[PDB]
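Next up: a single chain in structure tokens, the form deposited in one PDB entry.
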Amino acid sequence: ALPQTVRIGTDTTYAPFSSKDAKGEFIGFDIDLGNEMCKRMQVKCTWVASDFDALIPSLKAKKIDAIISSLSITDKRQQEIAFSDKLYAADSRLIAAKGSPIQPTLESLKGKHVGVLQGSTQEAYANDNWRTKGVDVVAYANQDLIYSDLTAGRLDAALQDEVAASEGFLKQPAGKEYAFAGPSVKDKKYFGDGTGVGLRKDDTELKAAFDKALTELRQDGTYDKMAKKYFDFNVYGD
């Protein structure tokens, strides 16, 4: 038996996947997916906002039951928690000022100030490959502070999910004078294989129900109808 109310944690600072509208209500693709799956699962769902780096600890502590927050499915995370089937693809890419020669390389980022989300796969990658080697990698409680430090010049570059940067910043007025700096960063190990619903390992029935709802809403075309609100491309991937 699934719980009468499935509590879903999300970090609402990652448009267009999860953010807040003017009323403070949860909006974005993650929210739409979550709500549609819950509908099909015939359970009530209650969204819970928290910082991104608090989601997996909250899940483990049973303060929430699920995470839908562009949570990348990684080898390392799977040693701690479970995942539903893939919700959508997620690649990492740097952003910087328009015209920046910055590339996702150690040589290019020497003496540069680079922002990453605390508890993200991007922080993991940046800390290991760049911060130890002298690059000023700065971790942030949330992505909106990163964008703001970038636009104010405190940061030279930021590393986050490509689609989030693109739709949530670059294509917005705030990011008109900014661009991707270099191609997406390739690293299977660190960045994983798309995003999924984060779940406790022993909640097998809940995972199965999420997986069932997801397959069904993909199959009947509801996934693509919801995605078109945000994207003119195949957000799902392969």
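The first residue of the shown sequence is 1; numbering continues from there.
Same protein, other form: the form deposited in another entry, not shown, and the subject of what follows.
- Both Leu170 and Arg154 fall in a single rigid part of the chain as it moves between the shown form and the other one.
- The Cα-Cα distance between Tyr88 and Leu117 is lengthened by 3 Å or more in the other form relative to the form shown here.
- Annotation for the pair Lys186/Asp224: C-alpha atoms approach each other in the other form, by 3 Å or more compared with this form.
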